[PDB]
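Please read the structure below before turning to the comments.
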Ligand SMILES: [Ca+2]
Ligand SMILES: [Mg+2]
């Protein structure tokens, strides 16, 4: 009972079915080219290694088709025609679906490493480039007293490209984590027991302010 | 707060979503991976949710009579004759009733009793649950099915429920006993 998660089940089914179909097809082409055509008394034959067949089938799966290697037996060529009809659809659907699965993993995971003498503040609720930039422009403003408070944003979203930029420009003192204050494990990741305060921001322009409150 | 309170008010809350049980109480040590039945508010009888009922489907298959037992208790006595009368749509018909049907006013009820005072207090003073069980059944026909014990034995009014303790299980004078009784 080791594949406990539907995406991870799908990953292993994709990879193993793809690899086993590629390996078995390479073995079949290796048999056909090295044995030669039976109706030509096996005289028409071409001594490929298994590894040359394996390479050639990837080069045709992907539709690259260098033609540095190619099939020349009639059974080889008829197998390559059948392979092209089947395996272009396999490769062209496998590569996107693996890119989705490996693209799904969370970027801003992990936990706040509390320094030996810095206060920190946890900030959550409505987190966006607008709310964060107006917040940080005042909270870190040069006319305030010099105090080394760190800001820790906790929010469910992946930050947008403008907000990722702003987080990098403040890298020394602003940190961001994927999560929600609704989960005690996320409250521990940001070490909220050791924070000065939690600040909860609101979407002032929402459809329903009773729902937002 | 109340003038001559607060956390001493007895509460039970139905929850539409089981994982919200973590917000229902403090001094609690919440964990979202724990299933509802292990949580402190459920163990104290402060929470309820429909998900704990789902194995009534499987128990309804394996022993029909056990589903009728629970019903006669939880409904207080809604027999299929009442369900038929309600299915006529005329509302719940009633009036003054004959001594022949009124005999059924001696149903058995689930009750709760305290070991703090009265004849059973001798067992609350450091006796064992099996001594209490045999005594109460013999003298009173009171059949004991569990305990309701304070969690903070050393603070809060919270209590937890202990279904069917061992024969040698120690009693506390503050325990309350779940019982089946006729009066
Ligand atoms: Ca709690
Ligand atoms: Mg830091």
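Residue numbers (our numbering), protein chains in the order written: chain A, 1 to 213; chain B, 1 to 183. Ideal placement from N, C-alpha and C gives every residue a C-beta, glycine not left out.
What does the alpha-carbon distance come out to for the pair residue i and residue j?
{"i": "residue 41/B", "j": "residue 184/A", "result": "17 Å"}
{"i": "residue 159/A", "j": "residue 129/A", "result": "8 Å"}
{"i": "residue 169/A", "j": "residue 193/A", "result": "27 Å"}
{"i": "residue 36/B", "j": "residue 27/A", "result": "54 Å"}
{"i": "residue 83/B", "j": "residue 62/B", "result": "23 Å"}
{"i": "residue 74/B", "j": "residue 181/A", "result": "39 Å"}
{"i": "residue 47/A", "j": "residue 63/A", "result": "23 Å"}
{"i": "residue 41/A", "j": "residue 101/A", "result": "49 Å"}
{"i": "residue 91/B", "j": "residue 85/B", "result": "8 Å"}
{"i": "residue 137/A", "j": "residue 146/A", "result": "14 Å"}
{"i": "residue 30/A", "j": "residue 1/A", "result": "37 Å"}
{"i": "residue 117/A", "j": "residue 195/A", "result": "12 Å"}
{"i": "residue 119/B", "j": "residue 68/B", "result": "34 Å"}
{"i": "residue 181/B", "j": "residue 210/A", "result": "50 Å"}
{"i": "residue 28/B", "j": "residue 89/B", "result": "47 Å"}
{"i": "residue 149/B", "j": "residue 17/A", "result": "58 Å"}
{"i": "residue 4/A", "j": "residue 38/A", "result": "49 Å"}
{"i": "residue 173/B", "j": "residue 155/B", "result": "16 Å"}
{"i": "residue 13/B", "j": "residue 138/B", "result": "37 Å"}
{"i": "residue 111/A", "j": "residue 9/B", "result": "39 Å"}
{"i": "residue 105/B", "j": "residue 113/B", "result": "21 Å"}
{"i": "residue 187/A", "j": "residue 177/A", "result": "11 Å"}
{"i": "residue 169/B", "j": "residue 131/B", "result": "10 Å"}
Whose CA, out of the options, lies closest to the CA of residue i?
{"i": "residue 105/A", "options": "210/A, 20/A, 208/A and 7/A", "result": "7/A"}
{"i": "residue 11/B", "options": "1/B, 34/B, 17/B and 45/B", "result": "45/B"}
{"i": "residue 21/A", "options": "119/A, 137/A and 91/A", "result": "91/A"}
{"i": "residue 43/A", "options": "10/A, 75/A, 149/A and 210/A", "result": "75/A"}
{"i": "residue 94/A", "options": "19/A, 149/A and 147/A", "result": "19/A"}
{"i": "residue 19/B", "options": "183/B, 121/B and 47/B", "result": "47/B"}
{"i": "residue 142/B", "options": "178/B, 26/B, 150/B and 92/B", "result": "178/B"}
{"i": "residue 117/B", "options": "149/B, 175/B and 90/B", "result": "175/B"}
{"i": "residue 174/A", "options": "49/A, 195/A, 16/A and 150/A", "result": "150/A"}
{"i": "residue 167/B", "options": "133/B, 9/B and 70/B", "result": "133/B"}
{"i": "residue 111/B", "options": "55/B, 21/B and 147/B", "result": "147/B"}
{"i": "residue 73/A", "options": "52/A, 36/A, 142/A and 55/A", "result": "36/A"}
{"i": "residue 33/A", "options": "205/A, 79/A, 55/A and 11/A", "result": "79/A"}
{"i": "residue 103/A", "options": "67/A, 11/A, 171/A and 142/A", "result": "11/A"}
Pop quiz: residue i and residue j are said to be a contact at Cβ under 8 Å. What is the actual Cβ separation, rounded to whole angstroms?
{"i": "residue 166/A", "j": "residue 131/A", "result": "That pair is no contact at about 11 Å."}
{"i": "residue 61/A", "j": "residue 88/A", "result": "7 Å"}
Give the DSSP-derived three-state secondary structure of residue i in the structure shown.
{"i": "residue 48/A", "result": "coil"}
{"i": "residue 175/A", "result": "strand"}
{"i": "residue 153/B", "result": "coil"}
{"i": "residue 94/B", "result": "coil"}
{"i": "residue 114/B", "result": "strand"}
{"i": "residue 190/A", "result": "coil"}
{"i": "residue 151/A", "result": "strand"}
{"i": "residue 109/B", "result": "strand"}
{"i": "residue 170/A", "result": "coil"}
{"i": "residue 127/A", "result": "coil"}
{"i": "residue 176/B", "result": "strand"}
{"i": "residue 170/B", "result": "strand"}
{"i": "residue 1/B", "result": "coil"}
{"i": "residue 160/B", "result": "strand"}
{"i": "residue 165/A", "result": "helix"}
{"i": "residue 134/B", "result": "helix"}
{"i": "residue 98/A", "result": "helix"}
{"i": "residue 145/B", "result": "strand"}
{"i": "residue 2/A", "result": "coil"}
Whose Cβ in chain D lies nearer than 8 Å to the Cβ of residue i?
{"i": "residue 32/B", "result": "Among the protein chains in the structure shown, which are A and B, there is no chain D."}
- Minimum length 4: unbroken alpha helix (DSSP H) runs contained in the segment 10-74 of chain B: Entirely contained in the segment 10-74 of chain B, the alpha helix (DSSP H) runs reaching 4 residues are, in chain order, 40-43, 56-62 and 64-74.
- alpha helix (DSSP H) runs contained entirely in the segment 43-91 of chain A, provided each spans 4 or more residues: Restricted to the segment 43-91 of chain A, the alpha helix (DSSP H) segments that are unbroken, complete and at least 4 residues in length are 50-61, listed in chain order.
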